[PDB]
Amino acid sequence: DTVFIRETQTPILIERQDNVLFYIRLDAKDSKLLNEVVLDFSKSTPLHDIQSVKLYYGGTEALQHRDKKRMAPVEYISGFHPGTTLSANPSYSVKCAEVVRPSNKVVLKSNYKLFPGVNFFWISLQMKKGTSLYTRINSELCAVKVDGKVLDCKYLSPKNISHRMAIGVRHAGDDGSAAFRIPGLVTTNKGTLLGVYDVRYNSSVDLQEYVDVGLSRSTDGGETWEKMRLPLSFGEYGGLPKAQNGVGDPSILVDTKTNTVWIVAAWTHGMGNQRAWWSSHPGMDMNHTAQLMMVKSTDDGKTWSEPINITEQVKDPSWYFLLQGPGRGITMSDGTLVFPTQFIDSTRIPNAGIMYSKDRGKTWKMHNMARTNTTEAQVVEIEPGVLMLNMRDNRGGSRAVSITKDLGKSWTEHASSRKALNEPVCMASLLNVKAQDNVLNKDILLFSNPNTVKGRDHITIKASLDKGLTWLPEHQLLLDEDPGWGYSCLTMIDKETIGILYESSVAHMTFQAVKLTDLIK
Amino acid sequence: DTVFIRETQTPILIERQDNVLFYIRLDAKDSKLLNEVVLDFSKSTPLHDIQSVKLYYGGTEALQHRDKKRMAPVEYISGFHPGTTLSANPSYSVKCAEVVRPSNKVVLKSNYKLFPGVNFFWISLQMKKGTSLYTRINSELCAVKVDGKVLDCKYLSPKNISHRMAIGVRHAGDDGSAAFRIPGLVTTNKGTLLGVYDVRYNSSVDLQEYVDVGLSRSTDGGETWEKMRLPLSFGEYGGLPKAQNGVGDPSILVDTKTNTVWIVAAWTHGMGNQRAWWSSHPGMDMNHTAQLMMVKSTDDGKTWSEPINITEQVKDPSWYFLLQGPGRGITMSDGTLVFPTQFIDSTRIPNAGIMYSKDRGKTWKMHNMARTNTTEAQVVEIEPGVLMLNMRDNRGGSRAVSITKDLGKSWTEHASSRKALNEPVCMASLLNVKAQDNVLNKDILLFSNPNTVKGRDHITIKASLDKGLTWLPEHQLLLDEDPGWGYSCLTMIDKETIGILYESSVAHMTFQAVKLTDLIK
Amino acid sequence: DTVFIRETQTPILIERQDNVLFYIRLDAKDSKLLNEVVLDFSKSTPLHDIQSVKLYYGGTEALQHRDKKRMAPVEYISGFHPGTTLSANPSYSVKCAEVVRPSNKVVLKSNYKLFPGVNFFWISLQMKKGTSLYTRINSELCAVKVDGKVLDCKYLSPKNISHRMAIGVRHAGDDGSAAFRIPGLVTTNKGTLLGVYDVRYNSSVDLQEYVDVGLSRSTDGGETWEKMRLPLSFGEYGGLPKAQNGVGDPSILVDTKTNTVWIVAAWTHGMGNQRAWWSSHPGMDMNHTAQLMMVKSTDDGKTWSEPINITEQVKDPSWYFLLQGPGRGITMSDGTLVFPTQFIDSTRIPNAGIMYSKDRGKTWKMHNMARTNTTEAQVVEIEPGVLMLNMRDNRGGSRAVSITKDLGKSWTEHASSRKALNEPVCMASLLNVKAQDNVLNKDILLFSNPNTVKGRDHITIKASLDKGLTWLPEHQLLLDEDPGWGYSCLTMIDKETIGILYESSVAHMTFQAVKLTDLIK
Ligand SMILES: CC(=O)N[C@H]1[C@H]([C@H](O)[C@H](O)CO)OC(C(=O)O)=C[C@@H]1O
Ligand SMILES: CC(=O)N[C@H]1[C@H]([C@H](O)[C@H](O)CO)OC(C(=O)O)=C[C@@H]1O
Ligand SMILES: CC(=O)N[C@H]1[C@H]([C@H](O)[C@H](O)CO)OC(C(=O)O)=C[C@@H]1O
């Protein structure tokens with residue numbers, strides 16, 4: 001017979017009880033017993049870090065569904081059902097075998113009775129609790145033995161996959177919140193990691209709703225995270241319900257001249273239970289339009305000021321909706337702080353741009369839009385005094401890229417625009433790492449998004465060595481092949497290590513660490 | 001100004017901390033203060049049963065959404081979110097006022113500051129723990145005072161609403177199950193109430209999935225219910241996951257000759273995670289087709305036999321799918337036991353019919369379909385030896401009704417067929433009560449169904465006094481105007497009272513008691 | 001083996017070279033030859049009217065598609081491809097046999113080699129050129145013989161089907177027009193039939209586009225139709241393209257006092273190539289909003305006046321769009337002429353109503369809407385001075401029905417609103433036939449539409465004998481089971497005969513005559 005094998009390319013959550021490593025499907029109807037499955041973990045693998053390898057049985061397939069060649073009948077582990085994302089759903093899988101503290105060779109003896117039809121199996125990988133974020137797992141499926149015969153394997157995945165670790169900074173249901181979304185991430189001058197996100201208590205739906213801006217803080221490069229803080233929350237302001245007071249879509253930056261940290265977010269007041277994208281209207285006060293609120297921290301992110309309403313400084317009253325671009329912002333070489341922005345103009349078309357402060361965040365200003373019918377953007381200083389804006393474009397298919405040398409007074413279309421970086425119309429993260437700040441001593445531009453033109457899957461980091469003109473395939477790393485909500489934010493953990501917080505297929509707020517030399521060998 | 005008022009016509013769950021009694025909408029944009037709201041409970045209302053009356057504020061509405069003239073911005077209390085259906089979502093409502101242990105006149109003093117636009121309020125009713133299923137609440141909204149002025153009330157709901165109690169036998173999330181569906185209900189010869197249903201552990205989706213048949217048993221007329229039992233469950237039969245072993249769509253009956261209780265259900269084995277409606281195929285064994293399984297109890301519902309597979313007795317091998325009609329079956333005067341049935345034939349068309357036993361349930365037989373393109377049905381003995389089958393009809397609009405005098409060898413279209421009983425294509429309950437068995441000393445046919453042609457809402461009981469020829473509007477009672485999953489099943493609690501177990505807007509398995517004299521005055 | 005049989009319930013176009021009478025599907029994989037098919041035509045059938053009966057082979061089915069149990073692999077005859085709707089597509093069917101001038105017993109000898117799998121056949125009925133609209137064909141499928149053996153027939157269609165003739169007054173492609181839509185039909189005082197419709201030259205899409213109002217006139221009760229006329233056409237008015245000058249959605253009425261015939265239609269000027277539903281705006285002139293235009297004929301419909309612009313007489317300036325309800329209007333008992341209407345108000349919501357004239361059509365007036373969120377409607381005088389408006393309702397599922405005794409100043413909800421009459425949100429025809437004007441000497445209310453809650457198919461005529469309170473199944477007639485565009489319009493051809501012009505599955509403008517006694521026996 002033939003045995004279809006599909007090895008996964010998904011984050012291994014350290015804290016998870018099960019992680020899908022392999023899917024196995026057997027089509028023979030005359031078979032009776034699965035004797036064993038044999039695996040081998042290479043010596044490059046930190047072998048002492050694997051707690052357990054298990055073999056699960058997933059049953060059979062509906063007869064009219066078998067033509068489609070699905071590798072499982074159902075999702076065995078959920079990354080989205082609140083409170084139960086850390087374990088395999090026991091009603092969907094039957095554990096057939098287990099090797100605890102495996103060596104290089106793993107022999108899962110099951111002698112399990114088979115259905116007269118399709119049979120599904122899968123291999124679960126469970127890491128030890130204190131495992132390092134840099135542990136990489138390589139695994140070879142050596143043999144599938146059915147009815148005494150070792151069968152021929154047909155692989156649907158590439159060879160030499162390296163499985164990477166992740167920590168779920170937030171999971172569905174944590175701290176009473178159904179969902180967490182829209183991540184931002186920075187590293188302070190002291191090396192502290194600060195990740196921000198929407199705390200969406202009632203559901204995953206956008207504003208308007210009961211939404212706070214939360215923050216996780218790590219002092220050890222992301223191995224552990226402190227209890228969630230709430231830098232922005234407005235409760236029952238004005239007497240209205242909490243769900244008519246949400247604040248979200250955070251963007252965070254570190255003022256590198258002083259280590260003051262800033263968070264800007266959009267506060268929606270009223271608007272029933274409708275979406276703010278359609279409910280924010282012209283005007284300037286909270287009863288008409290979303291409010292642009294900013295908080296700061298002068299103690300390395302531990303405590304946060306009371307919100308400051310900066311709406312009047314930057315919003316044209318004719319606009320329907322002004323808000324920041326989610327993710328992060330920057331400090332320019334000359335000390336200017338910059339936040340990406342987006343506004344819906346009087347004709348109900350969104351346009352991306354930037355706001356900037358030359359007085360350490362006390363006053364902010366917006367000059368002109370970068371491009372029509374664009375929304376979420378991130379910005380970088382690609383040369384001293386030259387800003388590059390990388391934009392979600394409603395035309396579809398690819399990121400728009402524009403340049404400004406005058407803080408947004410006039411814009412130029414970049415050569416890479418609407419060609420080089422494909423997207424499914426989604427948030428994308430851009431981060432420039434100057435030669436002086438990384439071990440390769442070369443300017444490296446990093447980009448992260450779902451590497452498709454349709455669908456939020458295959459979350460990928462890409463690197464450019466020519467200031468974003470070309471993105472060579474060999475300088476990219478696939479992080480998550482499965483579907484998720486798609487948003488991500490990059491930061492440098494240290495001079496040689498990238499950190500990423502993103503919405504993944506395994507956890508709402510997923511954190512991973514990647515050696516720069518893994519992207520650029 | 002004007003103040004829109006809408007009184008609810010929805011079950012008052014005794015165990016709930018909140019129940020929506022009134023919706024209130026104020027349109028004045030220039031107003032400043034809601035001073036008070038005044039309520040009155042008639043002297044007919046047992047006031048000693050009310051724990052508390054509350055005034056809640058629901059905020060305002062999106063400016064572009066005010067066209068649609070709803071009465072609230074969001075659903076304040078959920079009947080479907082697992083684990084949280086018994087209290088109002090505190091993020092959607094702000095409590096303004098509360099009167100504990102009210103008297104006839106209730107003054108809810110709030111002096112609550114209003115939004116410059118639409119303002120939503122609502123009144124919550126909380127009953128005491130020991131409240132009876134027969135308590136009636138009549139409530140009159142006397143005044144809404146804004147800025148010192150009593151405003152003009154415009155009511156969107158009729159006068160003389162009497163609010164009726166209910167008990168949630170099963171609620172979303174109970175005993176670890178996401179949902180409960182498909183109710184059946186009978187009264188044993190000892191007056192014991194037995195209610196059956198799907199226990200749908202993972203979600204509300206139909207077979208195939210992890211589904212058991214559960215049962216709730218009450219010896220006090222439905223005021224209290226014993227711990228859930230599982231008369232049918234197949235676990236990991238054959239080594240397949242539990243989710244590939246569901247059993248559901250139960251039908252229950254009482255052999256009135258002996259008080260033996262019978263439950264029949266459809267067991268689906270394998271089939272992946274697809275719907276049994278498409279995945280059950282021709283054949284006879286479990287690896288091909290759904291199995292028709294039966295359990296019995298001879299101790300008044302307390303314990304249950306192991307399942308009996310009767311598939312081979314009644315199923316034609318060419319049918320794709322044979323199953324019972326959910327709800328209940330009957331004992332005919334001559335002792336014949338009858339269960340409605342439905343099968344998908346080789347043409348992929350479903351057809352309703354009946355199966356019967358002449359030997360107290362030891363063997364069962366099926367003859368011919370009653371009507372093409374029909375599914376779920378319920379049956380009564382409308383005259384001696386004459387069965388009436390009332391059918392969900394895929395043509396749409398109304399119930400089909402057919403008669404058989406030879407246990408399904410030949411069928412006749414009934415005069416009421418496809419004209420009198422409107423439906424949105426959904427399960428409906430039918431129950432016949434002979435003159436000698438009820439306090440009105442009239443033969444009474446009872447029907448329960450969502451009283452619509454589209455949408456599963458306005459669950460209503462209808463009564464016919466001429467053996468189902470006519471359904472006069474004055475002999476109908478609205479129980480639940482809000483949306484739900486729509487199924488229901490009737491029984492006689494006693495000679496004076498109807499019991500109904502149904503899927504409601506407030507609980508997955510909702511029980512209510514209704515005096516025959518409320519229906520027939 | 002088994003042979004699945006589906007007899008059709010669709011109009012037989014007299015002018016068609018082929019009409020599908022039976023679908024045949026054989027699932028046997030070991031069979032070799034279809035020897036023959038034997039048909040029987042009753043002696044009620046005027047046999048002299050059948051030109052030919054044919055047996056066609058339609059080939060096989062995709063292997064993954066077979067479980068769906070379709071009765072054909074493809075549509076054998078198109079009602080919609082311009083210029084090719086009158087013959088079977090010969091690339092989809094191979095002719096196996098033919099009986100020209102059949103007698104009562106028809107033997108189609110084929111000895112046709114069968115595919116080793118699913119095999120499709122079908123039987124074609126072709127009528128003689130001069131056949132009458134009243135001819136009825138009753139046909140029995142006597143035997144399907146495969147490999148010498150008469151097979152067991154499994155019917156998907158009811159017994160006692162009577163196949164009815166139809167004439168395609170307009171077919172896709174006729175007179176250079178891609179499409180014809182939106183029928184209206186009346187009978188003048190002289191018995192002349194007048195059918196009006198959109199002539200949609202470029203495609204089937206709604207205004208704006210190159211659209212005229214066309215008219216077919218018959219002096220022999222619909223057996224033959226005069227060359228198409230154009231009562232309304234605007235060409236390059238103002239110098240804009242013909243496609244920025246369309247007029248459509250006609251409504252026609254006979255002033256029975258004088259036999260003057262009126263047609264009202266909506267003329268859209270400019271608006272690029274967008275849909276008038278969104279492009280007509282507030283105002284009154286043609287450069288801003290659709291114009292309500294009227295023409296009259298005083299010579300029994302042979303010639304038509306130049307259009308009169310009556311917009312200023314009844315349009316409120318704040319409305320986005322005012323137009324007639326397509327179909328027909330009435331002449332009330334007191335001489336008032338009445339057209340149903342529909343307007344999109346300043347809040348972008350559509351509402352139905354009526355306009356009327358008390359001076360023989362010289363001046364027109366509108367009072368108040370009947371109901372919110374309603375569009376197309378038809379009106380009758382259900383009793384002297386009492387108008388019944390039957391409305392397409394955007395809430396879905398069923399017609400709204402309202403009553404006015406003061407020509408739209410005030411409205412009352414009819415008992416049947418949103419309960420009695422089913423609907424998929426589509427145009428529907430309503431026509432009242434007074435006792436003295438028909439042969440049953442009873443008031444008869446007639447209704448025609450797609451008899452579904454979803455999908456435009458099963459075009460059906462329904463009759464009510466109690467002024468629209470009840471619509472009994474026995475007084476209904478299915479005309480066309482297959483999908484079409486769904487609009488229809490009724491008239492009385494004479495005191496004994498209904499006429500209907502409608503969009504069918506076989507022709508854009510399909511005309512049929514139906515005896516009143518066939519509806520009400
Ligand atoms: C105001 C608001 O909520 N915006 C939402 C954003 C935006 O709507 C898109 O960029 C425009 O198309 O999209 C998403 C998303 O689910 O991807 C989340 C944001 O919360
Ligand atoms: C096997 C199965 O689950 N059937 C499902 C049933 C059926 O499909 C329909 O009656 C005909 O299509 O419908 C429903 C329903 O609430 O709508 C519930 C049943 O669980
Ligand atoms: C102005 C216009 O085009 N009206 C169109 C109508 C209308 O859009 C709907 O009644 C309200 O939405 O719909 C259709 C249709 O076959 O669906 C045809 C009419 O031409």
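Note that ligands are numbered from 1 as they come in the structure, with each ligand's atoms numbered from 1 the same way. All chains are named by letter (A, B, ...) in the order of the sequence lines, taking the proteins before the strands, and each is independently numbered beginning at 1. We use all heavy atoms of the structure for the numbers below, so side chains are in, but hydrogens, waters and symmetry mates are not.
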Heavy-atom nearest neighbour of [atom] within options [options]:
atom: atom 20 (O) of ligand 2; options: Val211(B), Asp206(B), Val205(B), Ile182(B); answer: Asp206(B)
atom: atom 1 (C) of ligand 1; options: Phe321(A), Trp278(A), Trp485(A); answer: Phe321(A)
atom: atom 12 (O) of ligand 1; options: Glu503(A), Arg392(A), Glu376(A); answer: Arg392(A)
atom: atom 2 (C) of ligand 1; options: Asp249(A), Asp198(A), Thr374(A); answer: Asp249(A)

* Asked: Any heavy atom of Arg181(B) sitting closer than 4.0 Å to ligand 2?
  -> yes

Counting heavy atoms under 4.0 Å, the part of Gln208(C) that contacts ligand 3 is neither

For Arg200(B), the atoms of ligand 2 under 4.0 Å from one of its heavy atoms are 20 (O)

Any sub-3.5 Å donor-acceptor pair from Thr268(A)'s side-chain atoms to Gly246(A)'s backbone N or O?
yes

Note: ligand 3 atoms sitting under 4.0 Å from heavy atoms of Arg456(C) are 15 (C), 16 (O), 17 (O)

Taking only non-hydrogen atoms of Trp277(C) and a 4.0 Å limit, the atoms of ligand 3 in range are 1 (C), 11 (C), 12 (O)

Requested in this report: Start with the C-alpha gap between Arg395(B) and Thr372(B), add the side-chain angles, then the distance that decides, and say whether side chain to side chain donor-acceptor pair (under 3.5 Å) holds.
Outcome: CA-CA 10 Å; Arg395(B) 291 154 190 91; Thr372(B) 57; 3.1 Å; yes

**Asked** Looking at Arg200(A) and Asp206(A), does any basic side-chain N land under 4.0 Å from a carboxylate oxygen?
**Response** yes

For this session: Could you go through the side chain to side chain donor-acceptor pair (under 3.5 Å) check for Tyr487(B) and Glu376(B) one step at a time?
Result: CA-CA 11 Å; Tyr487(B) 287 31; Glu376(B) 305 165 336; 2.5 Å; yes

When rounded to the nearest 0.5 Å, the distance separating CG of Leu207(A) from CE of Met271(A) is 8.5 Å

CG (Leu322(B)) and CD1 (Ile344(B)) are apart, to the nearest 0.5 Å, by 10.0 Å

Ligand 1 atoms nearer than 4.0 angstrom to some heavy atom of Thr375(A) are 10 (O)

**Whether over 12 other heavy atoms sit under 6.0 Å from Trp278(A) CH2** = no

If you scan protein heavy atoms around atom 15 (C) of ligand 1, the nearest is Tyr487(A) OH, 3.2 Å

- request: Would you please indicate if the ring centroids of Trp277(A) and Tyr320(A) are separated by under 6.0 Å?
  value: no

